[PDB]
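Engineer: Quick one: structure below, then a few questions.
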2 protein chains.
Amino acid sequence: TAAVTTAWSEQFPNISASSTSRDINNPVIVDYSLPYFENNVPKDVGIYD
Amino acid sequence: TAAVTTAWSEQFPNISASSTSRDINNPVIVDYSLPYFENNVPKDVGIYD
């Protein structure tokens, strides 16, 4: 209603990563199902393979 | 009137950048006109494009 000029601000509530560097965190999770009472389980994934 | 010798000084009121490194600041500004009461606006420029 009052289209007045505002002050400069670096505080972008959520600026796109297409305009600047932005932190993201999406760790991959490996599941090892245990459907039975006594399950057959493998050794942890050897990520280096 | 008194053409006397003066002391050495590094305090150049404004030495040319042709003689030494000089700081400059000229950030580019992107305008997104809002001429109407209800404007059609684009997503912030994707500088990486």
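The chains in the structure tokens are called A, B, ... from first to last as shown; in each chain the residues are counted from 1, and the ligands are counted from 1 in the order shown.
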Residues within 9 Å of residue 32 in chain A, please, as a PyMOL selection string. Count only C-alpha atoms; anything in the same chain fewer than 5 positions from it doesn't count.
Structural biologist: chain A and resi 41-42+44
Engineer: Please report as CSV every residue of chain B lying within 7 Å of chain A, along with the nearest atom pair and their distance in Å (one decimal), using only C-alpha atoms.
Structural biologist:
```
residue,atom,partner,partner_atom,distance
B:44,CA,A:19,CA,6.9
B:45,CA,A:19,CA,6.6
B:46,CA,A:18,CA,4.7
B:47,CA,A:19,CA,5.5
B:48,CA,A:18,CA,6.4
```
Engineer: Could you superpose chain A on chain B by least squares over every Cα, matched in sequence order, and send it back as a short mmCIF file (atom, residue, chain, number, x, y, z; two decimals) with N, CA, C and O atoms, in the first residue's frame?
Structural biologist:
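Output file selection-v9.cif follows:
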```cif
data_model
loop_
_atom_site.label_atom_id
_atom_site.label_comp_id
_atom_site.auth_asym_id
_atom_site.auth_seq_id
_atom_site.Cartn_x
_atom_site.Cartn_y
_atom_site.Cartn_z
N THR A 1 54.00 31.81 -3.34
CA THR A 1 54.73 33.05 -3.10
C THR A 1 56.08 32.72 -2.47
O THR A 1 57.10 33.34 -2.76
N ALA A 2 56.07 31.72 -1.59
CA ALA A 2 57.27 31.25 -0.92
C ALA A 2 57.54 29.84 -1.43
O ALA A 2 57.18 28.86 -0.77
N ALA A 3 58.16 29.74 -2.61
CA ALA A 3 58.47 28.46 -3.23
C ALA A 3 59.57 27.72 -2.48
O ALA A 3 60.66 27.51 -2.99
N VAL A 4 59.26 27.33 -1.25
CA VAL A 4 60.21 26.62 -0.41
C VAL A 4 60.05 25.10 -0.56
O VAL A 4 59.02 24.61 -1.03
N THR A 5 61.09 24.37 -0.16
CA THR A 5 61.08 22.91 -0.23
C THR A 5 60.21 22.33 0.89
O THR A 5 60.25 22.81 2.02
N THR A 6 59.42 21.31 0.56
CA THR A 6 58.54 20.68 1.54
C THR A 6 58.98 19.26 1.89
O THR A 6 59.87 18.70 1.24
N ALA A 7 58.35 18.68 2.91
CA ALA A 7 58.69 17.33 3.36
C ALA A 7 58.06 16.24 2.50
O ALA A 7 57.00 16.44 1.90
N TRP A 8 58.73 15.09 2.43
CA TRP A 8 58.20 13.98 1.65
C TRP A 8 56.91 13.53 2.30
O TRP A 8 56.74 13.65 3.51
N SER A 9 55.99 13.02 1.49
CA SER A 9 54.71 12.56 2.00
C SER A 9 54.08 11.50 1.11
O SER A 9 54.12 11.61 -0.12
N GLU A 10 53.51 10.48 1.73
CA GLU A 10 52.86 9.41 1.00
C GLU A 10 51.38 9.77 0.87
O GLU A 10 50.65 9.13 0.12
N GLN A 11 50.96 10.79 1.62
CA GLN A 11 49.58 11.25 1.62
C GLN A 11 49.13 12.00 0.37
O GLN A 11 48.91 13.21 0.42
N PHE A 12 49.00 11.30 -0.74
CA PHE A 12 48.55 11.92 -1.98
C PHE A 12 47.05 12.13 -1.87
O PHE A 12 46.29 11.16 -1.77
N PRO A 13 46.59 13.39 -1.87
CA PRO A 13 45.14 13.62 -1.77
C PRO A 13 44.37 12.71 -2.74
O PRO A 13 43.29 12.20 -2.41
N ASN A 14 44.93 12.50 -3.92
CA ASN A 14 44.32 11.63 -4.92
C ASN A 14 45.29 11.31 -6.06
O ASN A 14 45.24 11.93 -7.12
N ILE A 15 46.17 10.35 -5.82
CA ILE A 15 47.15 9.96 -6.83
C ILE A 15 46.45 9.09 -7.87
O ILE A 15 45.53 8.34 -7.54
N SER A 16 46.87 9.20 -9.12
CA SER A 16 46.26 8.43 -10.20
C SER A 16 46.55 6.95 -10.06
O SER A 16 47.58 6.55 -9.52
N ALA A 17 45.63 6.12 -10.55
CA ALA A 17 45.80 4.67 -10.50
C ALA A 17 46.79 4.25 -11.57
O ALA A 17 47.11 3.07 -11.71
N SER A 18 47.27 5.23 -12.33
CA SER A 18 48.24 4.98 -13.39
C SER A 18 49.64 4.98 -12.78
O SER A 18 50.61 4.62 -13.44
N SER A 19 49.73 5.39 -11.51
CA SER A 19 51.00 5.44 -10.80
C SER A 19 51.07 4.44 -9.65
O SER A 19 52.17 4.10 -9.20
N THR A 20 49.91 4.00 -9.17
CA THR A 20 49.84 3.01 -8.09
C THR A 20 48.48 2.38 -7.91
O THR A 20 47.45 2.96 -8.27
N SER A 21 48.49 1.19 -7.32
CA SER A 21 47.30 0.43 -7.02
C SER A 21 46.29 1.31 -6.28
O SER A 21 46.66 2.01 -5.34
N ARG A 22 45.04 1.28 -6.71
CA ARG A 22 43.99 2.04 -6.05
C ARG A 22 42.68 1.28 -6.02
O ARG A 22 42.26 0.69 -7.01
N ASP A 23 42.05 1.28 -4.85
CA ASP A 23 40.81 0.58 -4.61
C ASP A 23 39.60 1.20 -5.30
O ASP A 23 39.43 2.42 -5.30
N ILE A 24 38.76 0.35 -5.87
CA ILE A 24 37.54 0.81 -6.53
C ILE A 24 36.40 -0.13 -6.17
O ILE A 24 36.60 -1.32 -5.95
N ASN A 25 35.19 0.42 -6.09
CA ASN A 25 34.03 -0.38 -5.75
C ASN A 25 32.85 0.04 -6.62
O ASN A 25 32.28 1.12 -6.45
N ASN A 26 32.48 -0.83 -7.56
CA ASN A 26 31.37 -0.53 -8.45
C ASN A 26 30.50 -1.76 -8.68
O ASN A 26 30.48 -2.34 -9.77
N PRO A 27 29.76 -2.18 -7.64
CA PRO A 27 28.87 -3.35 -7.72
C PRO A 27 27.81 -3.16 -8.78
O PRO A 27 27.24 -2.07 -8.91
N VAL A 28 27.53 -4.20 -9.55
CA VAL A 28 26.51 -4.13 -10.58
C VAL A 28 25.15 -4.31 -9.91
O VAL A 28 25.00 -5.13 -9.01
N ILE A 29 24.17 -3.53 -10.34
CA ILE A 29 22.83 -3.61 -9.78
C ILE A 29 21.85 -4.09 -10.83
O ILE A 29 21.86 -3.60 -11.96
N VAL A 30 21.02 -5.06 -10.46
CA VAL A 30 20.01 -5.59 -11.38
C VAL A 30 18.64 -5.09 -10.94
O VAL A 30 18.23 -5.30 -9.80
N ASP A 31 17.95 -4.40 -11.85
CA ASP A 31 16.62 -3.87 -11.56
C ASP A 31 15.53 -4.81 -12.05
O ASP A 31 15.66 -5.46 -13.08
N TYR A 32 14.44 -4.86 -11.29
CA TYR A 32 13.28 -5.66 -11.63
C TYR A 32 12.10 -4.70 -11.51
O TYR A 32 11.50 -4.57 -10.44
N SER A 33 11.78 -4.01 -12.60
CA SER A 33 10.69 -3.03 -12.60
C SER A 33 9.36 -3.56 -12.09
O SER A 33 8.99 -4.71 -12.35
N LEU A 34 8.65 -2.71 -11.36
CA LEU A 34 7.35 -3.04 -10.80
C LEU A 34 6.42 -1.84 -11.07
O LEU A 34 5.91 -1.21 -10.14
N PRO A 35 6.18 -1.53 -12.35
CA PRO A 35 5.34 -0.42 -12.81
C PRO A 35 3.85 -0.52 -12.48
O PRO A 35 3.18 0.49 -12.29
N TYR A 36 3.34 -1.75 -12.43
CA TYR A 36 1.93 -1.99 -12.13
C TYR A 36 1.74 -2.25 -10.65
O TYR A 36 2.70 -2.31 -9.89
N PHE A 37 0.48 -2.40 -10.24
CA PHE A 37 0.17 -2.70 -8.85
C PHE A 37 0.43 -4.19 -8.64
O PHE A 37 0.90 -4.60 -7.58
N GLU A 38 0.13 -4.99 -9.66
CA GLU A 38 0.37 -6.43 -9.62
C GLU A 38 1.25 -6.75 -10.82
O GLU A 38 0.78 -6.84 -11.96
N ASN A 39 2.55 -6.93 -10.56
CA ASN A 39 3.53 -7.20 -11.61
C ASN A 39 3.89 -8.66 -11.82
O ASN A 39 3.76 -9.49 -10.92
N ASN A 40 4.35 -8.96 -13.03
CA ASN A 40 4.80 -10.29 -13.42
C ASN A 40 6.30 -10.21 -13.19
O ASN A 40 6.99 -9.43 -13.85
N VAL A 41 6.79 -11.00 -12.24
CA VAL A 41 8.20 -10.98 -11.87
C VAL A 41 8.94 -12.29 -12.13
O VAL A 41 8.38 -13.37 -11.97
N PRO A 42 10.22 -12.20 -12.54
CA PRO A 42 11.03 -13.38 -12.82
C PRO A 42 11.85 -13.78 -11.59
O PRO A 42 11.94 -13.02 -10.62
N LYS A 43 12.43 -14.97 -11.63
CA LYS A 43 13.27 -15.45 -10.54
C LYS A 43 14.58 -14.67 -10.64
O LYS A 43 14.99 -14.29 -11.74
N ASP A 44 15.24 -14.42 -9.51
CA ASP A 44 16.50 -13.68 -9.52
C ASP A 44 17.44 -14.23 -10.59
O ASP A 44 17.54 -15.44 -10.77
N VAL A 45 18.13 -13.33 -11.28
CA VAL A 45 19.07 -13.73 -12.32
C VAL A 45 20.00 -14.84 -11.83
O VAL A 45 20.54 -14.77 -10.72
N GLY A 46 20.17 -15.88 -12.65
CA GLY A 46 21.05 -16.97 -12.28
C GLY A 46 22.42 -16.61 -12.83
O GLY A 46 22.77 -16.98 -13.95
N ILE A 47 23.20 -15.88 -12.03
CA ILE A 47 24.52 -15.44 -12.46
C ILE A 47 25.42 -16.54 -13.01
O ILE A 47 26.32 -16.26 -13.80
N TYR A 48 25.18 -17.78 -12.60
CA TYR A 48 26.01 -18.88 -13.07
C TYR A 48 25.67 -19.33 -14.49
O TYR A 48 26.31 -20.23 -15.03
N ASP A 49 24.66 -18.70 -15.08
CA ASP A 49 24.27 -19.02 -16.45
C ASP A 49 24.89 -17.96 -17.35
O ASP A 49 24.71 -17.98 -18.57
#
```
